[PDB]
Amino acid sequence: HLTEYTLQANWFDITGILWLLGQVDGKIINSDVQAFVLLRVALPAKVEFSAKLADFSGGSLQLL
Amino acid sequence: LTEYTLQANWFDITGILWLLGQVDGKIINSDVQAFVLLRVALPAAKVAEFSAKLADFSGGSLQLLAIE
Amino acid sequence: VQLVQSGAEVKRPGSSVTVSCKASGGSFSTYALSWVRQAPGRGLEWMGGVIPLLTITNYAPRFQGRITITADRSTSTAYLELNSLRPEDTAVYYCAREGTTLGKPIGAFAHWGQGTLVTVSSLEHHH
Amino acid sequence: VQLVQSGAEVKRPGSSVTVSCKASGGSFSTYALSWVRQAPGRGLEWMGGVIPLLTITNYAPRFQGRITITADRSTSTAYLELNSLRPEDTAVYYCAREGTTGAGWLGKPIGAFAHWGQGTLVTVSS
Amino acid sequence: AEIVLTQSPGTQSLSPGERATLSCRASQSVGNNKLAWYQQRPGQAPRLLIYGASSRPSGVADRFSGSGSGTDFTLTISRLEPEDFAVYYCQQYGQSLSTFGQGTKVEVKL
Amino acid sequence: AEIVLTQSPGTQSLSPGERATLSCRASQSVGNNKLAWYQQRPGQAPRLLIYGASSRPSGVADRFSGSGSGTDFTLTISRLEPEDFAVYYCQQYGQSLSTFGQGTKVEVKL
């Protein structure tokens with residue numbers, strides 16, 4: 001069949017994503033909007049933190 | 001003191017602050033951003049082509065994530 | 001691609017106005033259509049937009065609450081609702097559609113409506 | 001952790017009201033304080049909140065543009081400013097702060113609201 | 001999106017001692033099981049019973065228990081006391097826009 | 001955040017044939033160099049000159065050239081023509097919240 005992925009973009013990129021999606025026989029199954037808080041953090045490489053972050057979020061939080 | 005960025009729902013932020021305390025960490029900067037979330041469907045054969053162009057189109061920011 | 005807006009509007013404070021933006025040529029559903037305003041002798045100001053295909057709207061925080069943007073895919077017309085007008089809201093309102101290179105969209109606004117002037121005044125002489 | 005809110009208030013359509021919420025007990029800056037309201041006979045409704053330390057606000061879209069939530073770290077006090085009052089805004093407004101895991105005020109933040117003000121009735125009448 | 005939380009039953013009547021089973025169902029999966037239950041007695045402020053879908057906070061009697069995940073949640077009052085007769089609310093805070101259910105009223109049967 | 005775009009000079013005068021170099025400074029780094037430049041003549045709607053910081057659409061003369069990245073952008077008009085005497089706007093669209101600068105006015109040196 002067709003496989004499903006998620007994607008996060010700012011509003012001004014969505015239509016480009018849609019155009020590219022069409023060029024590869026793709027479809028949009030769902031859309032939604034969400035506000036997030038972006039944090040810039042400063043810790044020593046205790047970088048423990050990621051493990052506790054994982055427990056705290058059930059795998060969904062990603063340190064970048 | 002290495003730096004990273006972190007994206008989270010608002011109700012999780014204070015919890016992040018708290019965890020940071022147990023690594024002597026600090027919040028450098030904060031911002032608020034709205035994003036559109038897409039759930040897309042395409043054939044397995046096209047995922048690479050899509051993912052590649054998606055990186056070129058987004059200057060390497062956009063990341064296609066799998067649904068488990 | 002050409003965009004044609006509704007005619008001038010003169011309104012009393014604390015009321016509503018609806019401007020329409022009719023698109024012709026190209027495809028309407030898959031390209032982002034925005035609204036920008038310009039108060040007399042002042043700068044361009046992005047208010048928000050709509051991606052018709054997904055009925056996904058994006059408002060500037062300055063305008064959320066007082067603003068509703070819609071697109072009607074059957075008539076290729078976008079709409080701007082201003083509520084609780086205030087004298088400050090007097091300005092030219094432009095609809096703008098992103099350009100392309102069924103081309104690939106660029107975000108930047110290549111196509112613009114002629115504009116619609118909304119005058120908000122308690123001056124009974126105006127209406 | 002006590003939260004005490006300003007007294008009842010009676011306002012006119014188009015006007016504005018500010019409701020104060022003062023915390024006493026434990027730390028204040030590191031916990032998410034929210035405002036929740038309840039129209040007469042109706043359900044609870046989350047309006048928005050602030051995390052004082054970071055000055056980060058979060059409003060529910062319905063009220064985005066009409067609402068300003070601020071915090072005053074000096075006095076341990078949150079405020080709710082609601083503008084362009086309409087008669088559908090008539091309700092009791094409660095301030096609500098997230099609890100912490102375990103007894104003692106210094107636990108882990110839980111997000112859910114364990115601490116509530118007595119509430120503040122705002123009547124909008126023509 | 002504005003996740004809609006539907007509570008059922010709307011109103012139900014029970015006797016002291018009986019077991020209460022309250023349902024709250026989400027229009028979308030709820031982020032990291034962040035669902036809370038509150039009790040509101042007449043004229044009081046709400047009171048937190050459960051958070052994280054199933055965790056009990058400091059001071060809440062053992063007769064209150066929460067379960068479920070994803071879109072289907074349940075509050076269970078193992079044995080109703082006189083004060084348990086109240087309106088109960090679920091809330092999701094697993095995204096930045098939190099929302100409440102419309103509430104279930106548990107009244108005295110007779 | 002609301003990225004502030006400071007354009008300079010605010011106003012300035014030049015003669016036909018001269019080179020005009022306009023600056024747009026951004027309070028934060030602009031995502032994926034998503035920055036556009038518009039020209040607006042009196043009584044007219046804006047016209048797009050540059051997008052993506054340095055890309056020119058078809059039908060825009062090669063005398064307009066855009067450059068810059070991060071937080072400092074420049075629109076250069078290699079030799080001004082009578083038509084070019086107008087107001088010019090920079091715009092960032094590298095996040096959901098787009099913002100315009102206040103505009104630079106190019107008047108006739110007189």
# chains A, B, ... in the order shown; residues from 1 in each chain; ligands from 1
>>> interface_residues(of="chain B", to="chain A", cutoff="7 Å", atoms="only C-alpha atoms", output="PyMOL selection string")
chain B and resi 1-10+23-44+46+50+62-67
>>> interface_residues(of="chain E", to="chain A", cutoff="10 Å", atoms="only C-alpha atoms", output="list in words")
residues 1, 2, 31, 32, 33, 95, 96 and 97 of chain E
>>> interface_residues(of="chain F", to="chain C", cutoff="9 Å", atoms="only C-alpha atoms", output="VMD selection string")
chain F and resid 34 to 38 44 to 52 57 to 58 89 91 to 93 96 to 103
>>> write_last_selection(atoms="C-alpha atoms", output="PDB file, in the first residue's frame")
ATOM      1  CA  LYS F  34      13.423  33.288   3.452  1.00  0.00           C
ATOM      2  CA  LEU F  35      13.562  37.024   2.814  1.00  0.00           C
ATOM      3  CA  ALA F  36      11.763  38.978   0.085  1.00  0.00           C
ATOM      4  CA  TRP F  37      12.130  42.541  -1.298  1.00  0.00           C
ATOM      5  CA  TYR F  38       9.224  44.592  -2.675  1.00  0.00           C
ATOM      6  CA  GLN F  44       0.296  51.154  -6.604  1.00  0.00           C
ATOM      7  CA  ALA F  45       0.330  47.678  -5.130  1.00  0.00           C
ATOM      8  CA  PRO F  46       3.698  46.227  -4.128  1.00  0.00           C
ATOM      9  CA  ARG F  47       5.703  44.346  -6.762  1.00  0.00           C
ATOM     10  CA  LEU F  48       8.051  41.447  -5.961  1.00  0.00           C
ATOM     11  CA  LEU F  49      11.709  42.043  -6.833  1.00  0.00           C
ATOM     12  CA  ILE F  50      13.514  39.322  -4.915  1.00  0.00           C
ATOM     13  CA  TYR F  51      12.592  36.227  -2.941  1.00  0.00           C
ATOM     14  CA  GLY F  52      14.743  33.715  -1.079  1.00  0.00           C
ATOM     15  CA  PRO F  57      11.579  36.213 -10.574  1.00  0.00           C
ATOM     16  CA  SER F  58      11.101  36.384 -14.346  1.00  0.00           C
ATOM     17  CA  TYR F  89      10.066  46.733   1.684  1.00  0.00           C
ATOM     18  CA  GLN F  91       9.912  40.775   4.369  1.00  0.00           C
ATOM     19  CA  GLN F  92      10.779  37.592   6.252  1.00  0.00           C
ATOM     20  CA  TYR F  93       8.684  34.467   5.819  1.00  0.00           C
ATOM     21  CA  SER F  96       4.698  31.114  10.522  1.00  0.00           C
ATOM     22  CA  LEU F  97       4.680  34.705  11.759  1.00  0.00           C
ATOM     23  CA  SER F  98       5.782  36.815   8.774  1.00  0.00           C
ATOM     24  CA  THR F  99       6.880  40.423   9.260  1.00  0.00           C
ATOM     25  CA  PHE F 100       7.736  43.421   7.089  1.00  0.00           C
ATOM     26  CA  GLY F 101      10.296  46.157   7.639  1.00  0.00           C
ATOM     27  CA  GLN F 102       9.130  49.791   7.814  1.00  0.00           C
ATOM     28  CA  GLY F 103      10.328  50.537   4.264  1.00  0.00           C
TER      29      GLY F 103
END
>>> select_by_dssp(residues="stretch 3-109 of chain F", states="helix (DSSP H, G or I)", output="list in words")
residues 31, 32, 33, 82, 83 and 84 of chain F
>>> interface_residues(of="chain D", to="chain A", cutoff="12 Å", atoms="only C-alpha atoms", output="VMD selection string")
chain D and resid 51 54 to 61 108 to 110
>>> calpha_fit_and_write(fixed="chain E", moving="chain F", output="tab-separated table (two decimals) with N, CA and C atoms, in the first residue's frame")
chain	number	residue	atom	x	y	z
F	1	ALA	N	-5.11	20.44	17.33
F	1	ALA	CA	-6.53	20.87	17.17
F	1	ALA	C	-7.14	21.09	18.54
F	2	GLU	N	-8.37	21.56	18.59
F	2	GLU	CA	-9.12	21.57	19.84
F	2	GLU	C	-9.61	20.15	20.07
F	3	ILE	N	-8.89	19.40	20.88
F	3	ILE	CA	-9.29	18.05	21.21
F	3	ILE	C	-10.60	18.11	21.99
F	4	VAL	N	-11.62	17.42	21.49
F	4	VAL	CA	-12.90	17.37	22.16
F	4	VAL	C	-12.91	16.19	23.13
F	5	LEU	N	-13.27	16.46	24.38
F	5	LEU	CA	-13.36	15.41	25.39
F	5	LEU	C	-14.82	15.14	25.75
F	6	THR	N	-15.35	14.03	25.25
F	6	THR	CA	-16.73	13.67	25.54
F	6	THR	C	-16.78	12.79	26.79
F	7	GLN	N	-17.47	13.29	27.81
F	7	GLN	CA	-17.65	12.56	29.06
F	7	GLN	C	-19.04	11.95	29.14
F	8	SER	N	-19.12	10.73	29.67
F	8	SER	CA	-20.40	10.06	29.86
F	8	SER	C	-20.42	9.14	31.09
F	9	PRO	N	-21.61	8.90	31.65
F	9	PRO	CA	-22.85	9.57	31.27
F	9	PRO	C	-22.81	11.05	31.61
F	10	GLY	N	-23.74	11.82	31.05
F	10	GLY	CA	-23.81	13.25	31.35
F	10	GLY	C	-24.21	13.47	32.80
F	11	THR	N	-25.26	12.77	33.21
F	11	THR	CA	-25.69	12.73	34.60
F	11	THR	C	-26.01	11.29	34.95
F	12	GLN	N	-25.86	10.93	36.21
F	12	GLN	CA	-26.41	9.66	36.66
F	12	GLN	C	-26.47	9.56	38.18
F	13	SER	N	-27.29	8.64	38.65
F	13	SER	CA	-27.57	8.53	40.07
F	13	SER	C	-27.02	7.24	40.65
F	14	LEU	N	-26.48	7.34	41.86
F	14	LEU	CA	-25.95	6.20	42.57
F	14	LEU	C	-26.21	6.39	44.06
F	15	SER	N	-26.03	5.33	44.83
F	15	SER	CA	-26.18	5.39	46.27
F	15	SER	C	-24.81	5.38	46.95
F	16	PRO	N	-24.72	5.95	48.16
F	16	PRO	CA	-23.52	5.83	48.97
F	16	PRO	C	-23.05	4.38	49.05
F	17	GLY	N	-21.76	4.15	48.88
F	17	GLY	CA	-21.22	2.79	48.92
F	17	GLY	C	-21.10	2.11	47.57
F	18	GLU	N	-21.78	2.64	46.55
F	18	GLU	CA	-21.74	2.01	45.23
F	18	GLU	C	-20.53	2.46	44.42
F	19	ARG	N	-20.24	1.70	43.37
F	19	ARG	CA	-19.09	1.97	42.51
F	19	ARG	C	-19.54	2.79	41.29
F	20	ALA	N	-18.85	3.90	41.04
F	20	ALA	CA	-19.15	4.80	39.93
F	20	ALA	C	-18.02	4.72	38.93
F	21	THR	N	-18.35	4.52	37.66
F	21	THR	CA	-17.32	4.44	36.64
F	21	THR	C	-17.61	5.42	35.53
F	22	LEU	N	-16.73	6.43	35.42
F	22	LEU	CA	-16.94	7.59	34.56
F	22	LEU	C	-16.01	7.54	33.36
F	23	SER	N	-16.54	7.85	32.18
F	23	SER	CA	-15.75	7.78	30.96
F	23	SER	C	-15.45	9.15	30.38
F	24	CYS	N	-14.25	9.29	29.82
F	24	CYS	CA	-13.86	10.48	29.09
F	24	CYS	C	-13.27	10.04	27.76
F	25	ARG	N	-14.00	10.28	26.67
F	25	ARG	CA	-13.53	9.92	25.33
F	25	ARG	C	-12.95	11.14	24.59
F	26	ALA	N	-11.76	10.97	24.02
F	26	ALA	CA	-11.04	12.07	23.38
F	26	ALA	C	-11.08	11.94	21.86
F	27	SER	N	-11.37	13.04	21.17
F	27	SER	CA	-11.46	13.03	19.71
F	27	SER	C	-10.12	12.67	19.03
F	28	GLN	N	-9.01	12.82	19.74
F	28	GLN	CA	-7.69	12.40	19.26
F	28	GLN	C	-6.89	11.80	20.40
F	29	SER	N	-5.83	11.08	20.04
F	29	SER	CA	-4.91	10.53	21.02
F	29	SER	C	-4.32	11.66	21.86
F	30	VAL	N	-4.26	11.44	23.17
F	30	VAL	CA	-3.78	12.44	24.11
F	30	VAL	C	-2.29	12.22	24.39
F	31	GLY	N	-1.48	13.21	24.03
F	31	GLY	CA	-0.03	13.13	24.16
F	31	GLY	C	0.45	12.72	25.54
F	32	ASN	N	1.38	11.76	25.57
F	32	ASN	CA	1.99	11.27	26.80
F	32	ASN	C	0.99	11.02	27.93
F	33	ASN	N	-0.21	10.55	27.58
F	33	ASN	CA	-1.25	10.27	28.57
F	33	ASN	C	-1.51	11.43	29.53
F	34	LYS	N	-1.34	12.65	29.06
F	34	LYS	CA	-1.54	13.82	29.91
F	34	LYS	C	-3.02	14.14	30.07
F	35	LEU	N	-3.67	13.46	31.00
F	35	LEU	CA	-5.09	13.61	31.23
F	35	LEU	C	-5.36	13.68	32.72
F	36	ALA	N	-6.08	14.72	33.15
F	36	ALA	CA	-6.40	14.90	34.57
F	36	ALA	C	-7.90	14.77	34.85
F	37	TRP	N	-8.25	14.41	36.09
F	37	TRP	CA	-9.65	14.34	36.54
F	37	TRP	C	-9.88	15.24	37.74
F	38	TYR	N	-10.90	16.09	37.66
F	38	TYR	CA	-11.26	16.96	38.78
F	38	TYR	C	-12.64	16.66	39.38
F	39	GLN	N	-12.79	16.98	40.66
F	39	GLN	CA	-14.08	16.88	41.33
F	39	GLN	C	-14.49	18.27	41.74
F	40	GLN	N	-15.73	18.66	41.45
F	40	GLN	CA	-16.22	19.96	41.89
F	40	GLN	C	-17.56	19.85	42.58
F	41	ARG	N	-17.56	20.22	43.86
F	41	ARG	CA	-18.77	20.24	44.67
F	41	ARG	C	-19.41	21.62	44.54
F	42	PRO	N	-20.71	21.72	44.86
F	42	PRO	CA	-21.41	23.00	44.70
F	42	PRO	C	-20.77	24.15	45.48
F	43	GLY	N	-20.63	25.30	44.83
F	43	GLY	CA	-20.04	26.49	45.46
F	43	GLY	C	-18.53	26.40	45.68
F	44	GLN	N	-17.91	25.34	45.18
F	44	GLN	CA	-16.50	25.10	45.45
F	44	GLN	C	-15.64	25.13	44.21
F	45	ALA	N	-14.35	25.35	44.42
F	45	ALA	CA	-13.38	25.29	43.35
F	45	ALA	C	-13.09	23.82	43.04
F	46	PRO	N	-12.70	23.52	41.80
F	46	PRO	CA	-12.31	22.15	41.49
F	46	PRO	C	-11.15	21.66	42.35
F	47	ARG	N	-11.10	20.34	42.54
F	47	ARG	CA	-10.06	19.66	43.31
F	47	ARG	C	-9.48	18.58	42.40
F	48	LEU	N	-8.16	18.41	42.43
F	48	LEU	CA	-7.49	17.47	41.55
F	48	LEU	C	-7.51	16.07	42.16
F	49	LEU	N	-7.98	15.09	41.39
F	49	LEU	CA	-8.09	13.72	41.85
F	49	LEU	C	-7.03	12.84	41.20
F	50	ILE	N	-6.82	13.06	39.91
F	50	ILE	CA	-5.88	12.26	39.14
F	50	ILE	C	-5.19	13.14	38.12
F	51	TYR	N	-3.91	12.86	37.87
F	51	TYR	CA	-3.17	13.49	36.80
F	51	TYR	C	-2.43	12.39	36.09
F	52	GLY	N	-1.89	12.68	34.91
F	52	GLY	CA	-1.17	11.69	34.13
F	52	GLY	C	-2.00	10.45	33.89
F	53	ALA	N	-3.31	10.63	33.82
F	53	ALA	CA	-4.25	9.55	33.55
F	53	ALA	C	-4.47	8.61	34.74
F	54	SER	N	-3.40	8.19	35.40
F	54	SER	CA	-3.49	7.16	36.43
F	54	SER	C	-2.72	7.46	37.72
F	55	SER	N	-2.30	8.70	37.93
F	55	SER	CA	-1.54	9.05	39.12
F	55	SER	C	-2.38	9.82	40.11
F	56	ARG	N	-2.24	9.46	41.38
F	56	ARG	CA	-3.01	10.10	42.42
F	56	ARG	C	-2.07	10.98	43.22
F	57	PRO	N	-2.46	12.24	43.45
F	57	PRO	CA	-1.66	13.07	44.34
F	57	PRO	C	-1.86	12.68	45.79
F	58	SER	N	-0.96	13.12	46.67
F	58	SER	CA	-1.09	12.85	48.09
F	58	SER	C	-2.34	13.54	48.62
F	59	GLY	N	-3.00	12.92	49.59
F	59	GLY	CA	-4.19	13.52	50.19
F	59	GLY	C	-5.46	13.30	49.38
F	60	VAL	N	-5.36	12.47	48.34
F	60	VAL	CA	-6.53	12.04	47.59
F	60	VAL	C	-6.78	10.56	47.92
F	61	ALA	N	-7.99	10.25	48.37
F	61	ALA	CA	-8.29	8.91	48.87
F	61	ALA	C	-8.05	7.85	47.82
F	62	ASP	N	-7.68	6.65	48.25
F	62	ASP	CA	-7.35	5.57	47.31
F	62	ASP	C	-8.57	4.98	46.59
F	63	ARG	N	-9.77	5.42	46.97
F	63	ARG	CA	-10.98	4.97	46.29
F	63	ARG	C	-11.08	5.55	44.88
F	64	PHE	N	-10.41	6.67	44.63
F	64	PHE	CA	-10.32	7.21	43.28
F	64	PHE	C	-9.16	6.56	42.53
F	65	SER	N	-9.47	6.00	41.37
F	65	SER	CA	-8.47	5.34	40.55
F	65	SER	C	-8.70	5.69	39.09
F	66	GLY	N	-7.64	6.08	38.40
F	66	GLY	CA	-7.76	6.46	37.00
F	66	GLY	C	-7.02	5.51	36.09
F	67	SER	N	-7.59	5.25	34.92
F	67	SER	CA	-6.94	4.39	33.93
F	67	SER	C	-7.29	4.81	32.50
F	68	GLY	N	-6.61	4.19	31.54
F	68	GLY	CA	-6.85	4.46	30.13
F	68	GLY	C	-5.63	5.03	29.44
F	69	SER	N	-5.68	5.05	28.11
F	69	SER	CA	-4.63	5.66	27.31
F	69	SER	C	-5.15	5.89	25.89
F	70	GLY	N	-4.41	6.66	25.11
F	70	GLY	CA	-4.83	7.01	23.76
F	70	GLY	C	-6.02	7.95	23.77
F	71	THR	N	-7.21	7.39	23.60
F	71	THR	CA	-8.42	8.19	23.52
F	71	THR	C	-9.54	7.79	24.48
F	72	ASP	N	-9.32	6.77	25.31
F	72	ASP	CA	-10.39	6.32	26.21
F	72	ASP	C	-9.89	6.25	27.65
F	73	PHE	N	-10.46	7.08	28.51
F	73	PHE	CA	-10.05	7.15	29.90
F	73	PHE	C	-11.23	6.91	30.84
F	74	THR	N	-10.93	6.41	32.03
F	74	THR	CA	-11.96	6.06	33.01
F	74	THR	C	-11.56	6.51	34.41
F	75	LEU	N	-12.47	7.21	35.08
F	75	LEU	CA	-12.30	7.49	36.50
F	75	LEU	C	-13.28	6.63	37.28
F	76	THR	N	-12.75	5.86	38.23
F	76	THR	CA	-13.53	4.90	38.98
F	76	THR	C	-13.54	5.29	40.45
F	77	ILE	N	-14.74	5.41	41.00
F	77	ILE	CA	-14.90	5.66	42.43
F	77	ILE	C	-15.40	4.36	43.05
F	78	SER	N	-14.52	3.66	43.76
F	78	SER	CA	-14.78	2.28	44.18
F	78	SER	C	-16.02	2.17	45.07
F	79	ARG	N	-16.18	3.09	46.01
F	79	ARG	CA	-17.41	3.14	46.81
F	79	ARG	C	-17.71	4.58	47.20
F	80	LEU	N	-18.83	5.09	46.71
F	80	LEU	CA	-19.14	6.51	46.81
F	80	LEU	C	-19.42	6.91	48.24
F	81	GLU	N	-18.94	8.09	48.61
F	81	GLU	CA	-19.23	8.70	49.91
F	81	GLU	C	-20.06	9.95	49.68
F	82	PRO	N	-20.79	10.40	50.72
F	82	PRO	CA	-21.62	11.60	50.56
F	82	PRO	C	-20.89	12.77	49.91
F	83	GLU	N	-19.62	12.97	50.26
F	83	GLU	CA	-18.80	14.04	49.69
F	83	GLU	C	-18.63	13.91	48.17
F	84	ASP	N	-18.66	12.67	47.68
F	84	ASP	CA	-18.37	12.38	46.28
F	84	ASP	C	-19.48	12.78	45.31
F	85	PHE	N	-20.62	13.22	45.84
F	85	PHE	CA	-21.73	13.62	44.98
F	85	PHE	C	-21.51	15.02	44.47
F	86	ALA	N	-20.99	15.09	43.25
F	86	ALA	CA	-20.50	16.33	42.69
F	86	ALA	C	-20.39	16.19	41.19
F	87	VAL	N	-19.78	17.19	40.54
F	87	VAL	CA	-19.51	17.12	39.11
F	87	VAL	C	-18.03	16.80	38.90
F	88	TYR	N	-17.74	15.98	37.89
F	88	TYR	CA	-16.37	15.54	37.64
F	88	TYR	C	-15.90	15.91	36.24
F	89	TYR	N	-14.70	16.47	36.13
F	89	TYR	CA	-14.22	16.97	34.85
F	89	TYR	C	-12.94	16.28	34.42
F	90	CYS	N	-12.88	15.86	33.16
F	90	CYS	CA	-11.63	15.36	32.61
F	90	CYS	C	-10.97	16.50	31.83
F	91	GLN	N	-9.64	16.48	31.78
F	91	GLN	CA	-8.88	17.54	31.12
F	91	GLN	C	-7.64	16.97	30.44
F	92	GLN	N	-7.41	17.37	29.19
F	92	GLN	CA	-6.16	16.99	28.53
F	92	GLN	C	-5.23	18.19	28.45
F	93	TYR	N	-3.97	17.93	28.76
F	93	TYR	CA	-2.91	18.93	28.71
F	93	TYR	C	-1.68	18.34	28.05
F	94	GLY	N	-1.88	17.59	26.98
F	94	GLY	CA	-0.78	16.98	26.25
F	94	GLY	C	-0.40	17.74	24.99
F	95	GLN	N	-0.89	18.97	24.90
F	95	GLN	CA	-0.53	19.89	23.83
F	95	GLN	C	-0.74	21.29	24.40
F	96	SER	N	-0.25	22.31	23.71
F	96	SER	CA	-0.32	23.67	24.23
F	96	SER	C	-1.76	24.08	24.46
F	97	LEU	N	-2.66	23.67	23.58
F	97	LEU	CA	-4.08	23.96	23.74
F	97	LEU	C	-4.78	22.93	24.63
F	98	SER	N	-4.91	23.23	25.92
F	98	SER	CA	-5.63	22.36	26.84
F	98	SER	C	-7.13	22.50	26.64
F	99	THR	N	-7.86	21.42	26.94
F	99	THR	CA	-9.32	21.42	26.88
F	99	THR	C	-9.93	20.53	27.95
F	100	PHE	N	-11.10	20.95	28.42
F	100	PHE	CA	-11.89	20.22	29.41
F	100	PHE	C	-13.06	19.53	28.74
F	101	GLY	N	-13.53	18.44	29.33
F	101	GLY	CA	-14.80	17.84	28.95
F	101	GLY	C	-15.93	18.63	29.59
F	102	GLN	N	-17.18	18.30	29.24
F	102	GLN	CA	-18.34	19.07	29.70
F	102	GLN	C	-18.71	18.75	31.15
F	103	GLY	N	-18.20	17.64	31.68
F	103	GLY	CA	-18.46	17.25	33.06
F	103	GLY	C	-19.50	16.15	33.21
F	104	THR	N	-19.29	15.26	34.18
F	104	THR	CA	-20.28	14.26	34.55
F	104	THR	C	-20.81	14.55	35.96
F	105	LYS	N	-22.13	14.57	36.11
F	105	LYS	CA	-22.73	14.83	37.42
F	105	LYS	C	-23.13	13.53	38.11
F	106	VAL	N	-22.67	13.34	39.34
F	106	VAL	CA	-23.08	12.18	40.13
F	106	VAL	C	-24.08	12.63	41.20
F	107	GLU	N	-25.36	12.31	40.98
F	107	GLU	CA	-26.43	12.66	41.91
F	107	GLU	C	-26.75	11.50	42.85
F	108	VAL	N	-27.56	11.80	43.86
F	108	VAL	CA	-28.01	10.79	44.81
F	108	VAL	C	-29.20	10.02	44.24
F	109	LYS	N	-29.02	8.71	44.08
F	109	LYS	CA	-30.10	7.82	43.65
F	109	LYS	C	-31.28	7.99	44.59
F	110	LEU	N	-32.38	8.50	44.04
F	110	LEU	CA	-33.53	8.90	44.84
F	110	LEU	C	-34.81	8.65	44.06
>>> closest_atom_pairs(of="stretch 52-107 of chain C", to="stretch 66-85 of chain D", cutoff="10 Å", atoms="only C-alpha atoms", output="JSON lines")
{"residue": "C:64", "atom": "CA", "partner": "D:66", "partner_atom": "CA", "distance": 8.6}
{"residue": "C:65", "atom": "CA", "partner": "D:66", "partner_atom": "CA", "distance": 6.8}
{"residue": "C:66", "atom": "CA", "partner": "D:66", "partner_atom": "CA", "distance": 8.9}
{"residue": "C:84", "atom": "CA", "partner": "D:84", "partner_atom": "CA", "distance": 9.3}
>>> residues_around(residues="residue C:120", least_positions_apart="5", cutoff="12 Å", atoms="only C-alpha atoms", output="VMD selection string")
chain C and resid 8 to 17 39 82 to 92 126 to 127
>>> write_last_selection(atoms="C-alpha atoms", output="mmCIF file, in the first residue's frame")
data_model
loop_
_atom_site.group_PDB
_atom_site.id
_atom_site.type_symbol
_atom_site.label_atom_id
_atom_site.label_comp_id
_atom_site.auth_asym_id
_atom_site.auth_seq_id
_atom_site.Cartn_x
_atom_site.Cartn_y
_atom_site.Cartn_z
ATOM 1 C CA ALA C 8 -14.169 50.583 -1.118
ATOM 2 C CA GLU C 9 -15.935 50.314 2.224
ATOM 3 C CA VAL C 10 -16.903 52.983 4.775
ATOM 4 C CA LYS C 11 -17.809 51.658 8.226
ATOM 5 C CA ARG C 12 -18.650 52.887 11.745
ATOM 6 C CA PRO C 13 -16.454 52.005 14.751
ATOM 7 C CA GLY C 14 -17.336 48.682 16.404
ATOM 8 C CA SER C 15 -18.787 47.004 13.341
ATOM 9 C CA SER C 16 -17.686 44.491 10.709
ATOM 10 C CA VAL C 17 -16.455 44.530 7.127
ATOM 11 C CA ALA C 39 -2.466 52.366 6.995
ATOM 12 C CA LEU C 82 -12.517 42.487 10.233
ATOM 13 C CA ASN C 83 -14.604 42.680 13.429
ATOM 14 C CA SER C 84 -14.927 45.378 16.086
ATOM 15 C CA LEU C 85 -13.429 47.931 13.732
ATOM 16 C CA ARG C 86 -11.537 50.877 15.190
ATOM 17 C CA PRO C 87 -10.372 54.100 13.540
ATOM 18 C CA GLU C 88 -6.867 52.562 13.607
ATOM 19 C CA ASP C 89 -8.118 49.902 11.194
ATOM 20 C CA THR C 90 -8.485 52.467 8.399
ATOM 21 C CA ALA C 91 -6.144 51.331 5.636
ATOM 22 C CA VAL C 92 -5.795 49.691 2.249
ATOM 23 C CA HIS C 126 -18.643 59.804 5.575
ATOM 24 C CA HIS C 127 -21.757 57.594 5.881
#
>>> select_by_dssp(residues="stretch 16-67 of chain B", states="strand (DSSP E)", output="list in words")
residues 26, 27, 28, 29, 30, 31, 32, 33, 34, 35, 36, 37, 38, 39, 40, 41, 42, 65 and 66 of chain B
>>> interface_residues(of="chain B", to="chain D", cutoff="8 Å", atoms="only C-alpha atoms", output="number ranges by chain")
B: 10-12, 14-15, 17-18, 30
>>> write_last_selection(atoms="N, CA, C and O atoms", output="compact mmCIF listing (two decimals), in the first residue's frame")
# COMPACT_ATOMS: atom_id res chain seq x y z
N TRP B 10 3.82 23.44 25.90
CA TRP B 10 3.91 24.40 27.00
C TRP B 10 3.75 23.78 28.40
O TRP B 10 4.43 24.19 29.35
N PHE B 11 2.88 22.79 28.52
CA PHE B 11 2.66 22.15 29.82
C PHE B 11 3.84 21.29 30.30
O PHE B 11 3.82 20.80 31.43
N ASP B 12 4.85 21.13 29.46
CA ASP B 12 6.02 20.32 29.81
C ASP B 12 7.22 21.17 30.19
O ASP B 12 8.19 20.66 30.75
N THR B 14 7.93 23.62 32.48
CA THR B 14 8.39 23.71 33.88
C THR B 14 9.05 22.40 34.33
O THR B 14 9.96 22.40 35.15
N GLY B 15 8.58 21.28 33.78
CA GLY B 15 9.17 19.98 34.09
C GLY B 15 10.58 19.88 33.53
O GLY B 15 11.46 19.26 34.13
N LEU B 17 12.54 22.58 33.04
CA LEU B 17 13.28 23.44 33.96
C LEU B 17 13.78 22.65 35.17
O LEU B 17 14.94 22.74 35.55
N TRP B 18 12.88 21.85 35.75
CA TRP B 18 13.17 21.07 36.95
C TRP B 18 14.26 20.02 36.72
O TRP B 18 15.19 19.90 37.52
N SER B 30 14.45 31.43 25.13
CA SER B 30 13.15 30.81 24.89
C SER B 30 12.44 31.52 23.74
O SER B 30 12.65 32.71 23.51
>>> atom_distance(atom1="atom CA of residue C:1", atom2="atom CA of residue C:116")
18.4 Å
>>> interface_residues(of="chain D", to="chain E", cutoff="7 Å", atoms="only C-alpha atoms", output="list in words")
residues 43, 44, 45, 46, 60, 101, 102, 103, 112, 113, 114, 116 and 118 of chain D
